[PDB]
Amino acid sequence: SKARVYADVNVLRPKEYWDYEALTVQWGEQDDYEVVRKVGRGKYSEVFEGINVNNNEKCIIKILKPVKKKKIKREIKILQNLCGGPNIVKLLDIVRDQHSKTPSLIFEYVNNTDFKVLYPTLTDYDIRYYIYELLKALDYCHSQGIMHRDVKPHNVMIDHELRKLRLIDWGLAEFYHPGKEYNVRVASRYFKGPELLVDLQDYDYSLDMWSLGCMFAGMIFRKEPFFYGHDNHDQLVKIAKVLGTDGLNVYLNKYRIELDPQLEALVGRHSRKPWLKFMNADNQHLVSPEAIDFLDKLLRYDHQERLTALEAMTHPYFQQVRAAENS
């Protein structure tokens, strides 16, 4: 399997672009940024709203926990490669604690509204606008040869009042190389695509489109997360109960994949369930034909059949967003 678009970006660019184990950090001043209040975390870090002492503006401080040094160089190099791209979180400085050399990443501050509270207030149009904005970041990162690999609502900051979106958290991201087998232990469970769960390691930028589709399905069906499995195996079973197992078997045999037989038995045999069977009172003001048509072209087992970020932004579903953007 190879990417259908932007497959040669790293191929054609200099080794330094993508050779992040060779990064050379040019540390800033740890004192310029002060911690004001904890806003998030990961198994990987502590994230605080900070203040830039030199100009008084809010900032974000991402204090990294001890991990192999390559993991830190990777996240930094990707941020520097994308800095300036549409809706890509801006990395402002990199600083360390003299004593422990604990690295902290400094970012622009986005005044986010938690998605469990924001998403449910969104109008149909806003959903369209925000997914469109998130698509600009994904088309931009794919075009630069990088997969995000952790597309999910906690990694999408929205300042609703400013109608500003930033695709944050490039900590799992990677440079795309035609033919490389990648670890499949990436992304959040609800957003893991079929290829991660069936162990197809030579995946590409299309994994991010499956993750975007799960976010979209959650928004229009008012159901978070939309594929709610307790562990990986179960995550593939929740997928197979919606998409049907005929499609899966087509898919497994296309790429020459034999599932683990216990997994294979959990999965079982399920008829495809049309999308409209999730339509209800609460979500019917959001489930029209274009939404379904669009969602259907994102949530496909075959990563090769899924829309690319570029195709997705031109889908008719986003016509009004495009026109508003054009005048």
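Start at 1 with the first residue shown and count on from there. Here, rigid core means the biggest group of C-alpha atoms that superpose within 1.5 Å across both forms.
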Q: Please pick 96 to 104 or 168 to 176, whichever has its Cα atoms farther from the shown form in 4 other deposited structures of this protein after a rigid core fit.
A: 96 to 104
Q | Of 59 to 67 and 273 to 281, which departs more from this form in 4 other deposited structures of this protein by CA RMS after core fitting | A | 59 to 67
Q) Mean CA B-factor: is it higher for 65 to 73 or for 46 to 54? A) 65 to 73
Q.
On mean Cα temperature factor in this entry, is 222 to 230 or 121 to 129 the higher one?
A. 222 to 230
Q) Based on the PDB record, which member of 292, 299, 60, 266 exhibits the highest Cα temperature factor? A) 266
Q.
Per the entry's values, where does residue 152 land by CA temperature factor relative to the rest of its chain, in the lowest, middle or highest third?
A. lowest
Q: For residue 97, return the chain-relative third of its C-alpha B-factor as stated in the PDB record: lowest, middle or highest.
A: highest
Q: Sorting the chain's modelled residues by C-alpha B-factor, tell me whether residue 246 ends up in the lowest, middle or highest third.
A: highest
Q) Hey, what third does residue 199 fall into on Cα B-factor, ranked over its chain? A) highest
Q) What third of the chain, by the recorded C-alpha B-factor, contains residue 255? A) highest
